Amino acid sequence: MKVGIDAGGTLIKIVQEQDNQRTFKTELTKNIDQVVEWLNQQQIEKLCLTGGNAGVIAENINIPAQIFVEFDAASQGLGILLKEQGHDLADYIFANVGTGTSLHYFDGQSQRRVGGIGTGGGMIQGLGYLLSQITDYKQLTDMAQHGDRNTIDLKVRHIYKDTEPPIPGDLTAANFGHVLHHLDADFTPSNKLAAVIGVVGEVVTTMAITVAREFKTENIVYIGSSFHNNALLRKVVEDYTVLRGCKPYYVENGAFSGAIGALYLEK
């Protein structure tokens, strides 16, 4: 009975491994007390921890547990998941889009943190609440899917008008930039929520394509729970990566890269 736990700022990713049988459990960081209660209830052969609140679990647990650096764990697990899903990538940039975004570069041997930004899921949830007053994650993300950004976001062509723009006119010039041109029109909580996800997506992708260029790689692997139930963010990210001449990748159970990695670093 082997168990790996990535206790982040928002979600706790549990990976149970029994006689070559993987289980993917996901409880909130908000309800960490219930995760410790559960863990205490059973004998685990080897326990491996990673992420922010990994110490919290370690303190309140009455069982020994090894602790690993999330940056190294995420990379390990991603390697495992990519080759399992038939991806043989020599090099790549991997974006861990969690509460906040952590940018890494993998050179076929090891990872290196090459950047990070505070535009992740925590912003989708945070700014999402201030613009819709919705606290439920599913509800917020689902609401956002068919929202219109035309009245909210400003495009390059809107500034350049008839004039030939020096970069693609369809591109977003200014996020929320159109808001003051549409003071008459009602800003729907859907339209507004779409625009939050749009800016978060565009920032993560811009940062990701920049370091992909820097470390001379065309492969970008996107991981983290921010992608769960948010198909709009996935398309926002995916479409821009392609437009920036890069190859986007989404791994199944990629938000468990951390947790999986913890199990395969001890041995």
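We call the rigid core whatever largest set of C-alpha positions still superposes within 1.5 Å between the two forms. Throughout, we count residues from 1 along the sequence that is shown.
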Please pick 75-83 or 146-154, whichever has its Cα atoms farther from the shown form in 4 other deposited structures of this protein after a rigid core fit. 146-154
Please indicate which stretch deviates more in 4 other deposited structures of this protein: 57-65 or 232-240, judged by C-alpha RMS distance after a core superposition? 57-65
Averaging C-alpha B-factors over each stretch, which comes out higher, 200-208 or 33-41? 33-41
Average Cα temperature factor in the PDB entry - higher stretch of 184-192, 135-143: 184-192
Pick out which of 228, 234, 46, 216 has the highest C-alpha B-factor in the PDB entry. 46
Between 92, 160, 176, 71, which one tops the list for C-alpha B-factor in the PDB entry? 160
Among modelled residues of the same chain, the CA temperature factor third for residue 24: highest
By the entry's values, the third containing the CA B factor of residue 98 is the middle
Check where residue 18 lands among this chain's C-alpha B-factors and tell me if it's the lowest, middle or highest third. highest
Should residue 122 be placed in the lowest, middle or highest third of its chain by the C-alpha B factor in the entry? lowest
Select lowest, middle or highest to describe the third in which the CA B-factor of residue 76 falls within its chain in this entry. middle
